[PDB]
């Protein structure tokens, strides 16, 4: 079945030394390492198939245009969209959410309306809605957290009303690892006539995602967290909404100095300038690589690795964990009264890469009354030995610093 030894052999960076020690990279939630299959797919495109892709007549350009559109089709099958034309290539999740907030938001949210977010959102799924509610005179409502890191689902009937136009909600928390009950939340939102955008940047690498089963109206994720290149992400929009969305800024179609400007049809309408064809080719290879391993195989390995880490972390004195027992992907923690950045600095000195800080989720930190947390990511190429290095390191820090 799944062999972590064979998976690790695909990732050249895992041989790196840091501070003279073999790297234990526990920060895939910030960005994932890339297998050779992804790196080489992008390089081979540049070495042998590169051209511009904007309606070029010559053979190299026509073949490159086909490669790009085949990646759009592969991505649409990956999330089980009904049509490839429901997918927009964006620069990343941040840009995809802002695109919805401006194109769809400015045309559908008006004075007196409200938008619902949650207290656990990444800043990228808060600020565009704060700005939009400021542009039009709408109200931003917030689903509160429970101490265990889940959302208070029972507050949703009170927060929704006939003026709620959109729920913007994370699939999986980037700090807590919480997987939100999207199917139930989407059912409730649609009864009030609201749309639902799902921030899926921390979900698509952990298990299969089916946007038709979810029935979400928008879904966004980032290529670089899905073992792929930087500078590329995917925005999915239901065709009925996407074909109605007005232009934002293969996007400009015609220009006249006397008659004005027209724009191309969606999804190309929202892909201005020159595509990041290199990143698109690499992203396609990342989807092929993940699919070849099998997302259910990945989910089982990662779930068993998480269970091992949580059981082992019970032997660390004065450790505080944040989030639910059934967390996906990440473990958020603090050690005693020590500053998160000090804990992170000692772990780095032991060759272990974790992330410390507010993790672009300051309202979440405020809820737990801390300035920062440490966060360890446990991805499909991580091992028991790396978990053991984390646990023994935390025990070592507690012994030395009290």
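Residue numbers count along the first chain shown, from 1.
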- request: Select one of none, 1 to 3, 4 to 9, or 10 or more to describe the deposited residues without coordinates separating residue 249 and residue 250.
  value: 1 to 3
query: Comparing 254-262 with 121-129, which has the greater mean CA B-factor as deposited?
result: 254-262
- request: Pick between 183-191 and 229-237: the one whose mean CA B-factor in the entry is higher.
  value: 183-191
Criterion, highest CA B-factor; candidates, 34, 375, 47, 338: 338
field: Residue selected from 108, 277, 94, 173 by maximal Cα B factor
entry: 108
- line: Among the modelled residues of its chain, the C-alpha B-factor of residue 165 falls in the third labelled middle
- line: Tertile call for residue 393 (CA temperature factor, within chain, third-based) is the lowest
query: How does residue 206 rank on Cα B-factor within its chain, lowest, middle or highest third?
result: middle
message: Among the modelled residues of this chain, does the Cα B factor of residue 60 put it in the lowest, middle or highest third?
response: highest
Chain-wide C-alpha B factor ranking for residue 80, given as lowest, middle or highest third: middle
